[PDB]
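Below you'll find the structure, written out as structure tokens, and then a few comments.
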Amino acid sequence: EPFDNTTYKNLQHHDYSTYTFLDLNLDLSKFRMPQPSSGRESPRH
Amino acid sequence: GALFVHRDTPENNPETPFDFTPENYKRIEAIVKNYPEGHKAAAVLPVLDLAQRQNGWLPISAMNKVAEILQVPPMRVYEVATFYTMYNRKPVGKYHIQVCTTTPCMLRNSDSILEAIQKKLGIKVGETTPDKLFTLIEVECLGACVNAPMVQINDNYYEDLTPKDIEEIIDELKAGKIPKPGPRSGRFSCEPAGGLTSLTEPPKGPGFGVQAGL
Amino acid sequence: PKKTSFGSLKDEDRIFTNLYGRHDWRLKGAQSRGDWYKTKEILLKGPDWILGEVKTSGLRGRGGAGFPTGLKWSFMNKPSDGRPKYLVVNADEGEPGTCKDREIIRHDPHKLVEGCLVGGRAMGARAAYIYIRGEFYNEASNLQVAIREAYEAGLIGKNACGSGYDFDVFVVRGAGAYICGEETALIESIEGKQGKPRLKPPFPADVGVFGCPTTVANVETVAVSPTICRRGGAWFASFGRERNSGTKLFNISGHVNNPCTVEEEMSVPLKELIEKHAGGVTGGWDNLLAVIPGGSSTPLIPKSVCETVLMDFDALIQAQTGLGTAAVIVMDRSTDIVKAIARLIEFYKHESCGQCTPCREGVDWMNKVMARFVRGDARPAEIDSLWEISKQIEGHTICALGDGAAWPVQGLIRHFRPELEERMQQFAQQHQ
Amino acid sequence: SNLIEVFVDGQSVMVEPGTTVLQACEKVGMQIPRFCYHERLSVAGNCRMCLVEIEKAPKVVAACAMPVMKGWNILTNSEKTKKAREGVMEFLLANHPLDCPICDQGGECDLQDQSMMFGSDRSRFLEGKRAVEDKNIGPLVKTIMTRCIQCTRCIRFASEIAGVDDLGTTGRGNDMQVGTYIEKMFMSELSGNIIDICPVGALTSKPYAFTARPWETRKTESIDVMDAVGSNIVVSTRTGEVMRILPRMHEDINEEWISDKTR
Ligand SMILES: Cc1cc2nc3c(=O)[nH]c(=O)nc-3n(C[C@H](O)[C@H](O)[C@H](O)COP(=O)(O)O)c2cc1C
Ligand code: SF4
Ligand code: SF4
Ligand code: SF4
Ligand code: FES
Ligand code: FES
Ligand SMILES: [K+]
């Protein structure tokens, strides 16, 4: 707790797997607000 | 080389087996919801990279699958695959070594790092080792400019390397261990080597210097 | 009295207080350094008040162009026409020499997440797509963890900070391209197409990502917005000269004793920045040959000009160069200046998008010519020809990559023509 | 009305809002150079051959994609406009191959004519050129892609007019190549039209290969009878022999296209 400025606190990324980013993106799906609608399924529709 | 025209081969053809694992379909489902409805073509890049993290490279069949599930024309996924350089359209080694050789890294003797790897692995730039464990290619600036010379092996940056240091990393990878990312010089990050010259004071706590109105 | 000498910034004025990552970077470690403080109060002040603080603070774009940030963000302050509105944070740090944006998303991600909210509310945006370069996988994972904390803490999402404002932060990873740092080419990547820039008009404020209004902003130019609003725009205008105010992150690299990323006040003398923070030039300040002040797209300046030039937008423009991303690349006498600039042209050849003729066919033309200048396999009459070729590329292209490839050549010819000619005289006699 | 006033070399002209600088010059009989712009395709703005100076502006504007603002004086023949056309034409011809004698587009080539009308008269290019490998896209269109100038007219036409998303650009930079990437045939009822809209000899007719030259043909304006649409055509003949069929513009029937059977 005492002010310490001699250690690297960003060590969590030493054990990130290949799917870490996509796993986090999957967890941030129930918080997202509903997307806007263009009105068509795609520009080719 | 890396030609930008596809020719069918027994090991790379539209009938080559590829399909997303059941878990990846869930990840793809979350990817598509990050974009407005009716603009599902915006998921080509993240989905293409996902198809590469499962396989390790993008066969012509993998590109067709990405087109199939996003309802995008196949030619519009070939454009993405060939434009962005992180997509591997041929098999690579288990550890894709990428040496930065742009001027900031060149000025700090990045050629010595490249020389050390070739002698150590017994390969040349752009070649895969006989055991299919290492692929070596030069790349442009990777961001870790102040920590030059540096290399990227898969998804990790190894920085402040010297000809001795990089060879240690290859030995650790050729045994099975997981080398620790970051600089190998004594420092931890972009901080100056000879001790900090700034931010050497307890940072001010919440609500310091706030304006009167706020 | 307005200050005449600038620099010697104090640790109480540095916005990025965890630049070196020595402290905790999670939500608990950020709320102790002033992040997410009175965010709801700032949001309820409205967009005009937020844009008023940024406008009066003198903040200018930190991505390299340097446009006034307050005026640019104001183009989005217009009534809705039925389309969504988005903020796109450009984290596609790919300018050779620049590492500042990497140290913000890896050690101060919450200072960026809050900036998206503060900047987005000022623009009336409903989401903030953060385009992070593909190679920054570990930094993009930290930013995803920080965003998850903000959602769980109620700081973003629905009813952000308890302010009644809906906001989302999305992180989209690039697939590897320097051109995807350009504002219009970054939009095309988010839309799933090739990273080929667009013509303007239409500007992103009118037609942008998904065809909706958009404002592309740099990581640093968005991460300082919350601190400007909290401490006011008057405080941010205290530093630097007139129209060059603020604090800037500097990446000193190349032939220096202690390459580092350090925050410093704008208008700090270049000779003071290199010696105070980076341990001086290798072999002493008298061993300096040239410095590229603003990355790689900015022309190099020789030692005879670095002894007095200031590190701000207007001071460097007066010296026939630019501030760019404030990435200082130092070269000493041992350096081969022609081979060091030729490799930069080779970088632009590889990173050219190939869309438009002058840079598709001209950047690869300059690369061939510069390749022979390295060996001296040319004649002096080609130096003037290379100048005209660069002037034909510059200003005739869709994006500013073409200009960024011409400027390095012009600086070399402007300040090192005797080196080129001498290299040619040596080649002739040797092959005789 | 809502018409706004712009000047083309000092001559006033009233144009509707949304009009482009290139279209404003048409109203006064002036035709801006072009390789990528086609009046019936999407605006690309990537050949940079239409750059035109705007008075009191330091930067040249893409005349094909720049909407005209009120009170603009478009300078179509200034030194800046003419020096922009020489540089762009010089970059187009840097890697172009010396194929004119053996190229079916010789004599009716926009790159030849705009090189002799708006470009320089010599080259200062002292390097080796690029060479691209040819591609097979059917029995009708012969491809020699070393001559391609990356104008993307075939890409836009195939996607917009023909509704076939088979063509595209692979790679990036100087090595950017137009093609189908995979071995595929662009067999469409409107496939022959990519021959015409290709300003260079990169796309040419295979049946017509090497048989004639443009100057020696006689043009007979006739009607197509392969269907009931009545497409207007030009029957090119030489010494009493039919050589090729070409579209003849008719806004109300067939635009400037014809089907493969007609062609
Ligand atoms: C070739 C090229 C690459 C660029 N790369 C970046 C980048 O990596 N990060 C960034 O913030 N701006 C970059 N820019 C500048 C952007 O186009 C744009 O000016 C900036 O992102 C807008 O944000 P700002 O107001 O902070 O300047 C680049 C421009 C060009 C022409
Ligand atoms: S200048 Fe180069 S990178 Fe920029 S749009 Fe034109 S071709 Fe693409
Ligand atoms: S396309 Fe035109 S310039 Fe090129 S070889 Fe054919 S006729 Fe000559
Ligand atoms: S093949 Fe012809 S039409 Fe297609 S891009 Fe090349 S020059 Fe243009
Ligand atoms: S030049 Fe190698 S990290 Fe920037
Ligand atoms: S005709 Fe305008 S850029 Fe091609
Ligand atoms: K043609």
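Worth knowing before you read on, the calculation uses all heavy atoms, side chains too, and leaves out hydrogens, waters and symmetry mates. Throughout, a chain's letter reflects where its sequence line sits, starting with A, and its residues are numbered from 1.
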Full working for salt bridge (charged side-chain N to carboxylate O under 4.0 Å, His left out) between C:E93 and C:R102 = CA-CA 7 Å; C:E93 196 73 296; C:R102 182 192 179 199; over 6 Å; no
task = For side chain to side chain contact (heavy atoms under 4.5 Å, CB included), just list the numbers for C:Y37 and C:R230, CA-CA rounded to whole Å, side-chain angles, deciding distance to a tenth of an Å, and then say yes or no.
result = CA-CA 8 Å; C:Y37 185 73; C:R230 268 194 286 274; 4.1 Å; yes
Would [X] and [Y] count as having a side-chain donor-acceptor pair, cut-off 3.5 Å?
X	Y	result
C:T221	C:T69	yes
A:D4	A:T6	yes
C:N251	C:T261	yes
C:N138	B:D155	no
B:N34	A:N25	yes

task = Could you tell me whether C:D312 and C:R241 have a side-chain N and a carboxylate O separated by less than 4.0 Å?
result = yes
request  = Give a yes or no on whether a salt bridge exists between C:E103 and C:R106, defined as a side-chain N under 4.0 angstrom from a carboxylate O.
outcome  =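 Yes.
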query = Sequence neighbours excluded, which residues qualify as ring-ring contact (aromatic ring centres under 6.0 Å, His included) partners of C:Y151?
reply =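 So C:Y151 forms a ring-ring contact (aromatic ring centres under 6.0 Å, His included) with A:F31.
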Distance (rounded to the nearest 0.5 Å) between [X] [atom1] and [Y] [atom2]:
X	Y	atom1	atom2	result
C:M266	C:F6	CE	CZ	10.5 Å
C:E220	C:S225	CD	OG	12.5 Å
B:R53	A:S17	CZ	OG	9.5 Å
B:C190	C:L249	SG	CG	9.0 Å
C:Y86	C:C212	OH	SG	5.5 Å
C:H277	C:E264	NE2	CD	3.5 Å

Compare all side-chain heavy atoms of [X] with those of [Y] and state whether any distance is below 4.5 angstrom.
X	Y	answer
C:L112	C:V219	yes
C:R126	C:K85	no
C:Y20	B:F188	no
C:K248	C:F250	yes

Any donor-acceptor pair under 3.5 Å linking the side chain of [X] with the backbone of [Y]?
X	Y	value
C:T214	C:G208	no
C:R231	C:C229	no
C:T227	C:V224	no
C:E182	C:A185	yes
C:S238	C:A234	yes
C:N18	C:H107	yes
C:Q144	A:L24	no
C:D108	C:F16	no
C:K55	C:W73	no
B:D49	C:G174	no

task = Would you kindly check if the NZ (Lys) or CZ (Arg) of B:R27 is within the cone defined by 45 degrees around the ring axis of A:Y19 and under 6.0 Å from the six-membered ring centre?
result = yes
ask   = Is the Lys NZ or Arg CZ of C:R173 less than 6.0 Å from the centre of A:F21's six-membered ring, within 45° of the axis?
value =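 The answer is yes; both the distance and angle limits are met.
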If you take all heavy atoms of [X] and [Y], which pair is closest and at what distance?
X	Y	result
C:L143	C:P109	CD1-CB, 3.9 Å
B:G38	A:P43	O-CD, 3.5 Å
B:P192	C:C260	CG-CB, 3.6 Å
C:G192	B:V44	O-CB, 4.0 Å
B:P206	C:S32	CD-O, 3.7 Å
C:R133	C:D92	CB-OD1, 3.7 Å

task = Show your reasoning for whether side chain to side chain contact (heavy atoms under 4.5 Å, CB included) applies to C:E191 and B:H39.
result = CA-CA 8 Å; C:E191 294 182 6; B:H39 292 261; over 6 Å; no
inquiry  = Other residues, nucleotides and ligands only: do more than 12 of their heavy atoms fall within 6.0 Å of NZ on C:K3?
reply    =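 Result for NZ/C:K3: enclosed.
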inquiry  = Tell me if the NZ atom of A:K9 is crowded by more than 12 foreign heavy atoms within 6.0 Å.
reply    =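 Atom NZ in A:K9 is crowded, with more than 12 foreign heavy atoms closer than 6.0 Å.
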request  = Identify the residue among C:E114, C:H110, C:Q31 that makes a side-chain hydrogen bond (donor to acceptor under 3.5 Å, both in side chains) with C:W36.
outcome  =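 It is C:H110, the one option of C:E114, C:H110, C:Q31 that forms the side-chain hydrogen bond (donor to acceptor under 3.5 Å, both in side chains) with C:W36.
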Residue that, paired with C:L9, satisfies side chain to side chain contact (heavy atoms under 4.5 Å, CB included) out of C:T247, C:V262, C:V268 = C:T247
key: Sequence neighbours excluded, every pair satisfying ring pair (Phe, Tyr, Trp, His ring centres under 6.0 Å) that has a member inside residues 156-192 of chain C   = C:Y129-C:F170, C:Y178-C:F347
query = Between A:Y8 and C:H23, is the gap from one ring center to the other below 6.0 Å?
reply =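 Judged by ring-centre distance (under 6.0 Å), A:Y8 and C:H23 do not meet the cut-off.
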task = Could you go through the side chain to side chain contact (heavy atoms under 4.5 Å, CB included) check for C:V328 and C:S253 one step at a time?
result = CA-CA 6 Å; C:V328 187; C:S253 60; over 6 Å; no
request  = Test C:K111 against C:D35 for salt bridge (charged side-chain N to carboxylate O under 4.0 Å, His left out), laying out the working first.
outcome  = CA-CA 6 Å; C:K111 228 181 287 293; C:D35 285 354; 3.1 Å; yes
message = side chain to side chain contact (heavy atoms under 4.5 Å, CB included), that's the test. Do C:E272 and C:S8 meet it? Break it down for me.
response = CA-CA 9 Å; C:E272 182 175 348; C:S8 300; 3.9 Å; yes
message = Using 30° and 60° as the class boundaries, would you call the ring planes of C:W235 and C:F239 parallel, tilted or perpendicular?
response = perpendicular
message = Set out, in order, the CA-CA distance, both residues' side-chain angles and the distance that settles side-chain hydrogen bond (donor to acceptor under 3.5 Å, both in side chains) for A:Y16 and C:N142, then state yes or no.
response = CA-CA 10 Å; A:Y16 282 160; C:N142 287 17; 3.1 Å; yes
query = For C:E263 and B:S198, what are the C-alpha separation, side-chain angles and deciding distance, and is it a side-chain hydrogen bond (donor to acceptor under 3.5 Å, both in side chains)?
reply = CA-CA 8 Å; C:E263 181 169 1; B:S198 55; over 6 Å; no
task = Could I get the full list of salt bridge (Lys or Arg N to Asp or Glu O under 4.0 Å) partners for C:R22, not counting sequence neighbours?
result =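 Scan of C:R22 (salt bridge (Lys or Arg N to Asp or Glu O under 4.0 Å), adjacent residues dropped) gives B:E191.
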